[PDB]
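Undergrad: What follows is model-v7.cif; its format and atoms are mmCIF, N, CA and C atoms.
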data_start
#
loop_
_atom_site.label_atom_id
_atom_site.label_comp_id
_atom_site.auth_asym_id
_atom_site.auth_seq_id
_atom_site.Cartn_x
_atom_site.Cartn_y
_atom_site.Cartn_z
N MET H 1 -4.39 -12.42 -3.41
CA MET H 1 -5.73 -12.87 -3.89
C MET H 1 -6.63 -13.08 -2.67
N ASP H 2 -6.95 -11.96 -2.03
CA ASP H 2 -7.58 -11.90 -0.70
C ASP H 2 -8.09 -10.47 -0.43
N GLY H 3 -7.26 -9.47 -0.79
CA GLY H 3 -7.53 -8.06 -0.55
C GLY H 3 -7.18 -7.66 0.88
N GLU H 4 -7.94 -8.24 1.84
CA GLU H 4 -7.88 -7.91 3.28
C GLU H 4 -6.50 -8.15 3.94
N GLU H 5 -5.85 -9.29 3.61
CA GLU H 5 -4.57 -9.69 4.21
C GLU H 5 -3.46 -8.72 3.75
N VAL H 6 -3.49 -8.43 2.44
CA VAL H 6 -2.61 -7.44 1.79
C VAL H 6 -2.77 -6.06 2.48
N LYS H 7 -4.03 -5.60 2.59
CA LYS H 7 -4.36 -4.27 3.11
C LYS H 7 -3.89 -4.05 4.55
N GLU H 8 -4.19 -5.02 5.43
CA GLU H 8 -3.89 -4.95 6.85
C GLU H 8 -2.37 -4.90 7.10
N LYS H 9 -1.61 -5.67 6.30
CA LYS H 9 -0.14 -5.67 6.31
C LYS H 9 0.41 -4.26 6.01
N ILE H 10 0.00 -3.72 4.86
CA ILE H 10 0.51 -2.45 4.32
C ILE H 10 0.15 -1.27 5.23
N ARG H 11 -1.14 -1.23 5.62
CA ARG H 11 -1.73 -0.11 6.38
C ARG H 11 -1.02 0.03 7.72
N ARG H 12 -0.67 -1.13 8.31
CA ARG H 12 -0.05 -1.20 9.62
C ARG H 12 1.42 -0.80 9.53
N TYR H 13 2.08 -1.13 8.40
CA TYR H 13 3.48 -0.72 8.13
C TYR H 13 3.58 0.81 7.98
N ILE H 14 2.52 1.42 7.43
CA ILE H 14 2.40 2.89 7.32
C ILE H 14 2.37 3.52 8.73
N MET H 15 1.78 2.79 9.68
CA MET H 15 1.67 3.21 11.08
C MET H 15 2.99 3.00 11.84
N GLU H 16 3.68 1.87 11.54
CA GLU H 16 4.92 1.47 12.22
C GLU H 16 6.09 2.37 11.79
N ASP H 17 6.43 2.25 10.51
CA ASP H 17 7.65 2.83 9.93
C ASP H 17 7.42 4.26 9.43
N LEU H 18 6.46 4.41 8.51
CA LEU H 18 6.33 5.61 7.66
C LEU H 18 5.98 6.89 8.44
N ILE H 19 4.83 6.88 9.13
CA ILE H 19 4.33 8.09 9.82
C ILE H 19 4.98 8.24 11.20
N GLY H 20 4.37 7.67 12.25
CA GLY H 20 4.86 7.82 13.62
C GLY H 20 3.79 8.43 14.54
N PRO H 21 3.52 9.79 14.45
CA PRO H 21 2.59 10.47 15.36
C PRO H 21 1.10 10.32 14.94
N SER H 22 0.79 10.62 13.66
CA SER H 22 -0.57 10.53 13.09
C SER H 22 -0.87 9.07 12.66
N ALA H 23 -0.69 8.12 13.61
CA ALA H 23 -0.79 6.68 13.34
C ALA H 23 -1.29 5.92 14.58
N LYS H 24 -2.35 6.46 15.19
CA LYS H 24 -3.11 5.80 16.27
C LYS H 24 -3.84 4.54 15.71
N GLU H 25 -4.39 3.70 16.62
CA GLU H 25 -5.01 2.38 16.33
C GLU H 25 -5.90 2.32 15.06
N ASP H 26 -6.63 3.42 14.78
CA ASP H 26 -7.57 3.52 13.63
C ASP H 26 -7.42 4.86 12.90
N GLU H 27 -6.20 5.42 12.92
CA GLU H 27 -5.87 6.61 12.12
C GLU H 27 -5.86 6.22 10.64
N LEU H 28 -5.08 5.18 10.31
CA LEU H 28 -5.03 4.62 8.96
C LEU H 28 -6.20 3.64 8.83
N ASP H 29 -7.18 4.05 8.04
CA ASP H 29 -8.38 3.27 7.73
C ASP H 29 -8.21 2.60 6.36
N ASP H 30 -9.14 1.70 6.08
CA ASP H 30 -9.23 0.93 4.84
C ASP H 30 -9.41 1.84 3.60
N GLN H 31 -10.07 2.99 3.79
CA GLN H 31 -10.42 3.92 2.69
C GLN H 31 -9.74 5.29 2.88
N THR H 32 -8.80 5.38 3.85
CA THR H 32 -8.08 6.63 4.16
C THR H 32 -7.41 7.23 2.89
N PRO H 33 -7.66 8.55 2.60
CA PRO H 33 -7.02 9.25 1.47
C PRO H 33 -5.53 9.49 1.75
N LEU H 34 -4.71 8.50 1.38
CA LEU H 34 -3.26 8.45 1.67
C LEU H 34 -2.52 9.65 1.03
N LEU H 35 -2.97 10.04 -0.18
CA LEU H 35 -2.38 11.17 -0.92
C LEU H 35 -2.81 12.53 -0.37
N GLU H 36 -4.04 12.61 0.19
CA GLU H 36 -4.56 13.86 0.78
C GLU H 36 -3.90 14.12 2.14
N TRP H 37 -3.50 13.02 2.81
CA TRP H 37 -2.65 13.08 4.01
C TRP H 37 -1.21 13.46 3.61
N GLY H 38 -0.86 13.18 2.33
CA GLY H 38 0.44 13.54 1.76
C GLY H 38 1.57 12.68 2.29
N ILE H 39 1.19 11.55 2.91
CA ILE H 39 2.13 10.61 3.52
C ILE H 39 2.87 9.83 2.44
N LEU H 40 2.29 9.75 1.21
CA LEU H 40 2.88 8.98 0.10
C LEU H 40 3.44 9.94 -0.97
N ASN H 41 4.77 9.94 -1.06
CA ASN H 41 5.56 10.68 -2.05
C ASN H 41 6.86 9.87 -2.25
N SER H 42 7.65 10.16 -3.31
CA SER H 42 8.84 9.38 -3.73
C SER H 42 9.78 8.94 -2.56
N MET H 43 9.89 9.78 -1.51
CA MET H 43 10.69 9.47 -0.29
C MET H 43 10.12 8.25 0.48
N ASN H 44 8.80 8.25 0.68
CA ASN H 44 8.09 7.26 1.50
C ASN H 44 7.70 6.02 0.68
N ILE H 45 7.14 6.27 -0.51
CA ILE H 45 6.38 5.27 -1.30
C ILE H 45 7.24 4.04 -1.67
N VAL H 46 8.57 4.24 -1.70
CA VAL H 46 9.55 3.22 -2.03
C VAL H 46 9.68 2.16 -0.91
N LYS H 47 9.45 2.57 0.36
CA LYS H 47 9.45 1.64 1.52
C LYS H 47 8.21 0.74 1.48
N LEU H 48 7.11 1.24 0.88
CA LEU H 48 5.94 0.41 0.58
C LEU H 48 6.23 -0.50 -0.61
N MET H 49 6.82 0.07 -1.67
CA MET H 49 7.13 -0.64 -2.91
C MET H 49 7.97 -1.91 -2.65
N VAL H 50 8.91 -1.82 -1.69
CA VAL H 50 9.76 -2.95 -1.28
C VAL H 50 9.00 -3.87 -0.29
N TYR H 51 8.09 -3.29 0.52
CA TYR H 51 7.30 -4.05 1.50
C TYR H 51 6.36 -5.04 0.78
N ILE H 52 5.58 -4.52 -0.19
CA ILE H 52 4.69 -5.34 -1.05
C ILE H 52 5.53 -6.33 -1.89
N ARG H 53 6.74 -5.89 -2.29
CA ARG H 53 7.67 -6.70 -3.10
C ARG H 53 8.06 -7.99 -2.37
N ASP H 54 8.46 -7.87 -1.10
CA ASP H 54 8.91 -9.02 -0.29
C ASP H 54 7.72 -9.79 0.31
N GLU H 55 6.90 -9.07 1.09
CA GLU H 55 5.81 -9.67 1.91
C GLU H 55 4.69 -10.26 1.03
N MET H 56 4.17 -9.45 0.09
CA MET H 56 3.11 -9.89 -0.86
C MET H 56 3.73 -10.67 -2.05
N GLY H 57 5.04 -10.50 -2.27
CA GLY H 57 5.75 -11.18 -3.36
C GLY H 57 5.47 -10.56 -4.72
N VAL H 58 5.18 -9.25 -4.72
CA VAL H 58 4.67 -8.53 -5.91
C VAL H 58 5.62 -7.40 -6.32
N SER H 59 6.22 -7.53 -7.50
CA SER H 59 7.11 -6.52 -8.07
C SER H 59 6.27 -5.37 -8.67
N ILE H 60 6.25 -4.21 -8.00
CA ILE H 60 5.55 -3.02 -8.49
C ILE H 60 6.52 -2.22 -9.38
N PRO H 61 6.27 -2.13 -10.73
CA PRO H 61 7.12 -1.31 -11.62
C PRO H 61 6.96 0.19 -11.29
N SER H 62 8.03 0.96 -11.50
CA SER H 62 8.06 2.42 -11.23
C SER H 62 7.00 3.17 -12.07
N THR H 63 6.75 2.65 -13.29
CA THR H 63 5.73 3.20 -14.20
C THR H 63 4.29 3.01 -13.65
N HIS H 64 4.14 2.07 -12.69
CA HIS H 64 2.85 1.80 -12.03
C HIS H 64 2.52 2.90 -10.99
N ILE H 65 3.56 3.61 -10.50
CA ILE H 65 3.43 4.61 -9.43
C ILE H 65 2.68 5.85 -9.98
N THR H 66 1.38 5.86 -9.72
CA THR H 66 0.47 6.95 -10.05
C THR H 66 -0.63 7.04 -8.98
N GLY H 67 -1.26 8.21 -8.92
CA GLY H 67 -2.15 8.60 -7.83
C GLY H 67 -3.31 7.64 -7.57
N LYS H 68 -3.98 7.21 -8.65
CA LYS H 68 -5.22 6.40 -8.61
C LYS H 68 -5.09 5.10 -7.76
N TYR H 69 -3.90 4.48 -7.81
CA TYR H 69 -3.63 3.20 -7.12
C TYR H 69 -3.09 3.43 -5.70
N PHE H 70 -2.42 4.57 -5.49
CA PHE H 70 -1.83 4.95 -4.18
C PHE H 70 -2.72 5.97 -3.44
N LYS H 71 -3.97 6.08 -3.94
CA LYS H 71 -4.98 7.01 -3.45
C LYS H 71 -5.55 6.54 -2.10
N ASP H 72 -5.96 5.27 -2.04
CA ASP H 72 -6.46 4.64 -0.81
C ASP H 72 -6.02 3.17 -0.76
N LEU H 73 -6.21 2.55 0.40
CA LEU H 73 -5.68 1.21 0.73
C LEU H 73 -6.35 0.09 -0.10
N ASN H 74 -7.62 0.28 -0.49
CA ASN H 74 -8.32 -0.68 -1.38
C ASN H 74 -7.72 -0.63 -2.79
N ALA H 75 -7.42 0.60 -3.25
CA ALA H 75 -6.82 0.83 -4.57
C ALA H 75 -5.37 0.30 -4.61
N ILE H 76 -4.70 0.33 -3.44
CA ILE H 76 -3.38 -0.28 -3.25
C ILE H 76 -3.46 -1.79 -3.53
N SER H 77 -4.36 -2.46 -2.80
CA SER H 77 -4.43 -3.92 -2.76
C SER H 77 -4.94 -4.51 -4.08
N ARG H 78 -5.98 -3.86 -4.68
CA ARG H 78 -6.64 -4.35 -5.90
C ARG H 78 -5.64 -4.46 -7.06
N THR H 79 -4.68 -3.52 -7.08
CA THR H 79 -3.67 -3.43 -8.12
C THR H 79 -2.49 -4.35 -7.78
N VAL H 80 -2.27 -4.61 -6.47
CA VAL H 80 -1.27 -5.60 -5.99
C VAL H 80 -1.65 -6.99 -6.50
N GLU H 81 -2.95 -7.30 -6.51
CA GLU H 81 -3.48 -8.60 -6.98
C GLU H 81 -3.36 -8.72 -8.51
N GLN H 82 -3.45 -7.57 -9.20
CA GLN H 82 -3.26 -7.49 -10.65
C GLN H 82 -1.78 -7.73 -11.00
N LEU H 83 -0.90 -7.02 -10.28
CA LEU H 83 0.56 -7.13 -10.44
C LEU H 83 1.07 -8.49 -9.93
N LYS H 84 0.31 -9.11 -9.02
CA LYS H 84 0.56 -10.47 -8.50
C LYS H 84 0.28 -11.49 -9.61
N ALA H 85 -0.77 -11.21 -10.40
CA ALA H 85 -1.15 -12.03 -11.57
C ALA H 85 -0.05 -11.94 -12.64
N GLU H 86 0.42 -10.70 -12.88
CA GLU H 86 1.51 -10.41 -13.84
C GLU H 86 2.80 -11.15 -13.44
N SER H 87 3.15 -11.06 -12.14
CA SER H 87 4.34 -11.72 -11.56
C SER H 87 4.15 -13.26 -11.46
N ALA H 88 2.88 -13.73 -11.47
CA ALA H 88 2.56 -15.18 -11.43
C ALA H 88 2.91 -15.83 -12.77
N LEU H 89 2.58 -15.14 -13.88
CA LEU H 89 2.91 -15.59 -15.24
C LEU H 89 4.39 -15.30 -15.58
N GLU H 90 4.96 -14.24 -14.96
CA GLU H 90 6.33 -13.78 -15.23
C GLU H 90 7.33 -14.63 -14.41
#
The structure given in the file should be rewritten as structure tokens.

TA:
Amino acid sequence: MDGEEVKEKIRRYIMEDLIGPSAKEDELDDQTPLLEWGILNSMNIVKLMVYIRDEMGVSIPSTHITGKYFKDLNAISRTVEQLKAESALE
């Protein structure tokens, strides 16, 4: 329930673990097309799914995994806060 704290955590983990070479100081931006970079697919996306799960405390269901939310980092976080609300009542 912040947006920014969630985003900066995730985006930087994409730079640390996921990518490697194409992950300079400002390669991964706030609005970067993550799917057009093709960095997010079933192999990679699960390391994010567990990252948000532990760090943000948000259980992302497998049925939630669709392009619109994993499209850019704002779309990532906005839906994390929705799923955070779901997990808050659950």

Undergrad: Evaluate the PyMOL selection byres ((chain H and resi 7) around 8) here and jot the selected residues down as a list in words.

TA: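 In the shown coordinates, the PyMOL selection byres ((chain H and resi 7) around 8) covers residues 2, 3, 4, 5, 6, 8, 9, 10, 11, 12, 13, 30, 73, 74, 76, 77 and 78 of chain H.
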
Undergrad: Work out how far atom CA of residue 14 of chain H is from atom C of residue 72 of chain H, in Å to one decimal.

TA: 11.7 Å

Undergrad: List as JSON, numbers by chain the protein and nucleic acid residues near residue 18 of chain H, meaning an atom at most 12 Å away when only C-alpha atoms are counted, but skip any in the same chain fewer than 4 places from it.

TA: {"H": [10, 11, 12, 13, 14, 22, 23, 28, 34, 38, 39, 40, 41, 43, 44, 45, 46, 47, 48, 51]}

Undergrad: Report as a PDB file with N, CA and C atoms, in the coordinates of the input the residues that result from applying the PyMOL selection byres (((chain H and resi 59 and name CA) around 12) and name CA) to the structure here.

TA:
ATOM      1  N   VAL H  46       8.570   4.240  -1.700  1.00  0.00           N
ATOM      2  CA  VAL H  46       9.550   3.220  -2.030  1.00  0.00           C
ATOM      3  C   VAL H  46       9.680   2.160  -0.910  1.00  0.00           C
ATOM      4  N   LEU H  48       7.110   1.240   0.880  1.00  0.00           N
ATOM      5  CA  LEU H  48       5.940   0.410   0.580  1.00  0.00           C
ATOM      6  C   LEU H  48       6.230  -0.500  -0.610  1.00  0.00           C
ATOM      7  N   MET H  49       6.820   0.070  -1.670  1.00  0.00           N
ATOM      8  CA  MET H  49       7.130  -0.640  -2.910  1.00  0.00           C
ATOM      9  C   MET H  49       7.970  -1.910  -2.650  1.00  0.00           C
ATOM     10  N   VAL H  50       8.910  -1.820  -1.690  1.00  0.00           N
ATOM     11  CA  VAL H  50       9.760  -2.950  -1.280  1.00  0.00           C
ATOM     12  C   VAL H  50       9.000  -3.870  -0.290  1.00  0.00           C
ATOM     13  N   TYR H  51       8.090  -3.290   0.520  1.00  0.00           N
ATOM     14  CA  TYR H  51       7.300  -4.050   1.500  1.00  0.00           C
ATOM     15  C   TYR H  51       6.360  -5.040   0.780  1.00  0.00           C
ATOM     16  N   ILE H  52       5.580  -4.520  -0.190  1.00  0.00           N
ATOM     17  CA  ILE H  52       4.690  -5.340  -1.050  1.00  0.00           C
ATOM     18  C   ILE H  52       5.530  -6.330  -1.890  1.00  0.00           C
ATOM     19  N   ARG H  53       6.740  -5.890  -2.290  1.00  0.00           N
ATOM     20  CA  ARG H  53       7.670  -6.700  -3.100  1.00  0.00           C
ATOM     21  C   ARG H  53       8.060  -7.990  -2.370  1.00  0.00           C
ATOM     22  N   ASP H  54       8.460  -7.870  -1.100  1.00  0.00           N
ATOM     23  CA  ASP H  54       8.910  -9.020  -0.290  1.00  0.00           C
ATOM     24  C   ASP H  54       7.720  -9.790   0.310  1.00  0.00           C
ATOM     25  N   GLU H  55       6.900  -9.070   1.090  1.00  0.00           N
ATOM     26  CA  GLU H  55       5.810  -9.670   1.910  1.00  0.00           C
ATOM     27  C   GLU H  55       4.690 -10.260   1.030  1.00  0.00           C
ATOM     28  N   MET H  56       4.170  -9.450   0.090  1.00  0.00           N
ATOM     29  CA  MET H  56       3.110  -9.890  -0.860  1.00  0.00           C
ATOM     30  C   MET H  56       3.730 -10.670  -2.050  1.00  0.00           C
ATOM     31  N   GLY H  57       5.040 -10.500  -2.270  1.00  0.00           N
ATOM     32  CA  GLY H  57       5.750 -11.180  -3.360  1.00  0.00           C
ATOM     33  C   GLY H  57       5.470 -10.560  -4.720  1.00  0.00           C
ATOM     34  N   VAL H  58       5.180  -9.250  -4.720  1.00  0.00           N
ATOM     35  CA  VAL H  58       4.670  -8.530  -5.910  1.00  0.00           C
ATOM     36  C   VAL H  58       5.620  -7.400  -6.320  1.00  0.00           C
ATOM     37  N   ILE H  60       6.250  -4.210  -8.000  1.00  0.00           N
ATOM     38  CA  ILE H  60       5.550  -3.020  -8.490  1.00  0.00           C
ATOM     39  C   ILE H  60       6.520  -2.220  -9.380  1.00  0.00           C
ATOM     40  N   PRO H  61       6.270  -2.130 -10.730  1.00  0.00           N
ATOM     41  CA  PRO H  61       7.120  -1.310 -11.620  1.00  0.00           C
ATOM     42  C   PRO H  61       6.960   0.190 -11.290  1.00  0.00           C
ATOM     43  N   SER H  62       8.030   0.960 -11.500  1.00  0.00           N
ATOM     44  CA  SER H  62       8.060   2.420 -11.230  1.00  0.00           C
ATOM     45  C   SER H  62       7.000   3.170 -12.070  1.00  0.00           C
ATOM     46  N   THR H  63       6.750   2.650 -13.290  1.00  0.00           N
ATOM     47  CA  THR H  63       5.730   3.200 -14.200  1.00  0.00           C
ATOM     48  C   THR H  63       4.290   3.010 -13.650  1.00  0.00           C
ATOM     49  N   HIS H  64       4.140   2.070 -12.690  1.00  0.00           N
ATOM     50  CA  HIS H  64       2.850   1.800 -12.030  1.00  0.00           C
ATOM     51  C   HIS H  64       2.520   2.900 -10.990  1.00  0.00           C
ATOM     52  N   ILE H  65       3.560   3.610 -10.500  1.00  0.00           N
ATOM     53  CA  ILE H  65       3.430   4.610  -9.430  1.00  0.00           C
ATOM     54  C   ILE H  65       2.680   5.850  -9.980  1.00  0.00           C
ATOM     55  N   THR H  79      -4.680  -3.520  -7.080  1.00  0.00           N
ATOM     56  CA  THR H  79      -3.670  -3.430  -8.120  1.00  0.00           C
ATOM     57  C   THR H  79      -2.490  -4.350  -7.780  1.00  0.00           C
ATOM     58  N   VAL H  80      -2.270  -4.610  -6.470  1.00  0.00           N
ATOM     59  CA  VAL H  80      -1.270  -5.600  -5.990  1.00  0.00           C
ATOM     60  C   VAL H  80      -1.650  -6.990  -6.500  1.00  0.00           C
ATOM     61  N   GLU H  81      -2.950  -7.300  -6.510  1.00  0.00           N
ATOM     62  CA  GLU H  81      -3.480  -8.600  -6.980  1.00  0.00           C
ATOM     63  C   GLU H  81      -3.360  -8.720  -8.510  1.00  0.00           C
ATOM     64  N   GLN H  82      -3.450  -7.570  -9.200  1.00  0.00           N
ATOM     65  CA  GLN H  82      -3.260  -7.490 -10.650  1.00  0.00           C
ATOM     66  C   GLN H  82      -1.780  -7.730 -11.000  1.00  0.00           C
ATOM     67  N   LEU H  83      -0.900  -7.020 -10.280  1.00  0.00           N
ATOM     68  CA  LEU H  83       0.560  -7.130 -10.440  1.00  0.00           C
ATOM     69  C   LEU H  83       1.070  -8.490  -9.930  1.00  0.00           C
ATOM     70  N   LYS H  84       0.310  -9.110  -9.020  1.00  0.00           N
ATOM     71  CA  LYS H  84       0.560 -10.470  -8.500  1.00  0.00           C
ATOM     72  C   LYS H  84       0.280 -11.490  -9.610  1.00  0.00           C
ATOM     73  N   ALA H  85      -0.770 -11.210 -10.400  1.00  0.00           N
ATOM     74  CA  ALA H  85      -1.150 -12.030 -11.570  1.00  0.00           C
ATOM     75  C   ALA H  85      -0.050 -11.940 -12.640  1.00  0.00           C
ATOM     76  N   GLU H  86       0.420 -10.700 -12.880  1.00  0.00           N
ATOM     77  CA  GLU H  86       1.510 -10.410 -13.840  1.00  0.00           C
ATOM     78  C   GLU H  86       2.800 -11.150 -13.440  1.00  0.00           C
ATOM     79  N   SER H  87       3.150 -11.060 -12.140  1.00  0.00           N
ATOM     80  CA  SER H  87       4.340 -11.720 -11.560  1.00  0.00           C
ATOM     81  C   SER H  87       4.150 -13.260 -11.460  1.00  0.00           C
ATOM     82  N   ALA H  88       2.880 -13.730 -11.470  1.00  0.00           N
ATOM     83  CA  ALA H  88       2.560 -15.180 -11.430  1.00  0.00           C
ATOM     84  C   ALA H  88       2.910 -15.830 -12.770  1.00  0.00           C
ATOM     85  N   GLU H  90       4.960 -14.240 -14.960  1.00  0.00           N
ATOM     86  CA  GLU H  90       6.330 -13.780 -15.230  1.00  0.00           C
ATOM     87  C   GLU H  90       7.330 -14.630 -14.410  1.00  0.00           C
TER      88      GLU H  90
END

Undergrad: What separation in Å, quoted to one decimal, exists between atom CA of residue 35 of chain H and atom CA of residue 67 of chain H?

TA: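 Rounded to one decimal, the two atoms are 7.4 Å apart.
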
Undergrad: Using atom C of residue 71 of chain H and atom CA of residue 89 of chain H as the two end points, give the distance in Å to one decimal.

TA: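 If I compute the distance from atom C of residue 71 of chain H to atom CA of residue 89 of chain H, I get 27.1 Å.
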
Undergrad: Using backbone DSSP assignments, extract all helix (DSSP H, G or I) residues from segment 44-88 of chain H; output them as a PyMOL selection string.

TA: chain H and resi 44-56+62-64+73-88

Undergrad: Store the residues of this selection in a file with N, CA and C atoms, as a JSON list (two decimals), in the frame of the given file.

TA:
[["chain", "number", "residue", "atom", "x", "y", "z"],
["H", 44, "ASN", "N", 8.80, 8.25, 0.68],
["H", 44, "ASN", "CA", 8.09, 7.26, 1.50],
["H", 44, "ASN", "C", 7.70, 6.02, 0.68],
["H", 45, "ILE", "N", 7.14, 6.27, -0.51],
["H", 45, "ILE", "CA", 6.38, 5.27, -1.30],
["H", 45, "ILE", "C", 7.24, 4.04, -1.67],
["H", 46, "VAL", "N", 8.57, 4.24, -1.70],
["H", 46, "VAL", "CA", 9.55, 3.22, -2.03],
["H", 46, "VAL", "C", 9.68, 2.16, -0.91],
["H", 47, "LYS", "N", 9.45, 2.57, 0.36],
["H", 47, "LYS", "CA", 9.45, 1.64, 1.52],
["H", 47, "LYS", "C", 8.21, 0.74, 1.48],
["H", 48, "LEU", "N", 7.11, 1.24, 0.88],
["H", 48, "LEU", "CA", 5.94, 0.41, 0.58],
["H", 48, "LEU", "C", 6.23, -0.50, -0.61],
["H", 49, "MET", "N", 6.82, 0.07, -1.67],
["H", 49, "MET", "CA", 7.13, -0.64, -2.91],
["H", 49, "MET", "C", 7.97, -1.91, -2.65],
["H", 50, "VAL", "N", 8.91, -1.82, -1.69],
["H", 50, "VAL", "CA", 9.76, -2.95, -1.28],
["H", 50, "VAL", "C", 9.00, -3.87, -0.29],
["H", 51, "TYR", "N", 8.09, -3.29, 0.52],
["H", 51, "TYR", "CA", 7.30, -4.05, 1.50],
["H", 51, "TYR", "C", 6.36, -5.04, 0.78],
["H", 52, "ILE", "N", 5.58, -4.52, -0.19],
["H", 52, "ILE", "CA", 4.69, -5.34, -1.05],
["H", 52, "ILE", "C", 5.53, -6.33, -1.89],
["H", 53, "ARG", "N", 6.74, -5.89, -2.29],
["H", 53, "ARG", "CA", 7.67, -6.70, -3.10],
["H", 53, "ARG", "C", 8.06, -7.99, -2.37],
["H", 54, "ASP", "N", 8.46, -7.87, -1.10],
["H", 54, "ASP", "CA", 8.91, -9.02, -0.29],
["H", 54, "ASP", "C", 7.72, -9.79, 0.31],
["H", 55, "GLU", "N", 6.90, -9.07, 1.09],
["H", 55, "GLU", "CA", 5.81, -9.67, 1.91],
["H", 55, "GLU", "C", 4.69, -10.26, 1.03],
["H", 56, "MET", "N", 4.17, -9.45, 0.09],
["H", 56, "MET", "CA", 3.11, -9.89, -0.86],
["H", 56, "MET", "C", 3.73, -10.67, -2.05],
["H", 62, "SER", "N", 8.03, 0.96, -11.50],
["H", 62, "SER", "CA", 8.06, 2.42, -11.23],
["H", 62, "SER", "C", 7.00, 3.17, -12.07],
["H", 63, "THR", "N", 6.75, 2.65, -13.29],
["H", 63, "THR", "CA", 5.73, 3.20, -14.20],
["H", 63, "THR", "C", 4.29, 3.01, -13.65],
["H", 64, "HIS", "N", 4.14, 2.07, -12.69],
["H", 64, "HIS", "CA", 2.85, 1.80, -12.03],
["H", 64, "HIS", "C", 2.52, 2.90, -10.99],
["H", 73, "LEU", "N", -6.21, 2.55, 0.40],
["H", 73, "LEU", "CA", -5.68, 1.21, 0.73],
["H", 73, "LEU", "C", -6.35, 0.09, -0.10],
["H", 74, "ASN", "N", -7.62, 0.28, -0.49],
["H", 74, "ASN", "CA", -8.32, -0.68, -1.38],
["H", 74, "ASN", "C", -7.72, -0.63, -2.79],
["H", 75, "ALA", "N", -7.42, 0.60, -3.25],
["H", 75, "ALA", "CA", -6.82, 0.83, -4.57],
["H", 75, "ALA", "C", -5.37, 0.30, -4.61],
["H", 76, "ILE", "N", -4.70, 0.33, -3.44],
["H", 76, "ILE", "CA", -3.38, -0.28, -3.25],
["H", 76, "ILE", "C", -3.46, -1.79, -3.53],
["H", 77, "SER", "N", -4.36, -2.46, -2.80],
["H", 77, "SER", "CA", -4.43, -3.92, -2.76],
["H", 77, "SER", "C", -4.94, -4.51, -4.08],
["H", 78, "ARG", "N", -5.98, -3.86, -4.68],
["H", 78, "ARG", "CA", -6.64, -4.35, -5.90],
["H", 78, "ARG", "C", -5.64, -4.46, -7.06],
["H", 79, "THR", "N", -4.68, -3.52, -7.08],
["H", 79, "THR", "CA", -3.67, -3.43, -8.12],
["H", 79, "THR", "C", -2.49, -4.35, -7.78],
["H", 80, "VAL", "N", -2.27, -4.61, -6.47],
["H", 80, "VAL", "CA", -1.27, -5.60, -5.99],
["H", 80, "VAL", "C", -1.65, -6.99, -6.50],
["H", 81, "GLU", "N", -2.95, -7.30, -6.51],
["H", 81, "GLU", "CA", -3.48, -8.60, -6.98],
["H", 81, "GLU", "C", -3.36, -8.72, -8.51],
["H", 82, "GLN", "N", -3.45, -7.57, -9.20],
["H", 82, "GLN", "CA", -3.26, -7.49, -10.65],
["H", 82, "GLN", "C", -1.78, -7.73, -11.00],
["H", 83, "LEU", "N", -0.90, -7.02, -10.28],
["H", 83, "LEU", "CA", 0.56, -7.13, -10.44],
["H", 83, "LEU", "C", 1.07, -8.49, -9.93],
["H", 84, "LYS", "N", 0.31, -9.11, -9.02],
["H", 84, "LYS", "CA", 0.56, -10.47, -8.50],
["H", 84, "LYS", "C", 0.28, -11.49, -9.61],
["H", 85, "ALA", "N", -0.77, -11.21, -10.40],
["H", 85, "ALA", "CA", -1.15, -12.03, -11.57],
["H", 85, "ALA", "C", -0.05, -11.94, -12.64],
["H", 86, "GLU", "N", 0.42, -10.70, -12.88],
["H", 86, "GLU", "CA", 1.51, -10.41, -13.84],
["H", 86, "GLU", "C", 2.80, -11.15, -13.44],
["H", 87, "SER", "N", 3.15, -11.06, -12.14],
["H", 87, "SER", "CA", 4.34, -11.72, -11.56],
["H", 87, "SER", "C", 4.15, -13.26, -11.46],
["H", 88, "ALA", "N", 2.88, -13.73, -11.47],
["H", 88, "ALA", "CA", 2.56, -15.18, -11.43],
["H", 88, "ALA", "C", 2.91, -15.83, -12.77]]
